[PDB]
């Protein structure tokens, strides 16, 4: 399944993921493509930060959804 990720510089990358892929696997793909260590990735979808141990389905992420990569905020995790 394709999903999009808006990266830190404003470009958009496309990932091929399983329909219920884990968030950890998604971060692993982003690391390979963009170079960001998974521990430094913070992904937002539908106003929520995506969590390890969940899958894309937990968030109703589907074909051609767009996720946003962001920095860690002070006071955030």
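Between two forms, the rigid core is the largest collection of C-alphas that superpose within 1.5 Å. Residue numbers count along the first chain shown, from 1.
- The rigid core fit leaves 9 to 17 as the farther-lying stretch in 4 other deposited structures of this protein, judged by Cα positions and set against 9 to 17 and 56 to 64.
- Ranked by Cα temperature factor within the chain, residue 31 sits in the lowest third according to the deposited record.
- Annotation for residue 47: C-alpha temperature factor in the lowest third relative to the rest of the modelled chain, per the entry.
- Sort the chain's modelled residues by C-alpha temperature factor and residue 3 lands in the lowest third, per the entry.
- Remark: residue 55 belongs to the middle third of its chain, ranked by C-alpha B-factor as recorded.
- Among all modelled residues in this chain, the alpha-carbon of residue 66 has a temperature factor (C-alpha) in the lowest third.
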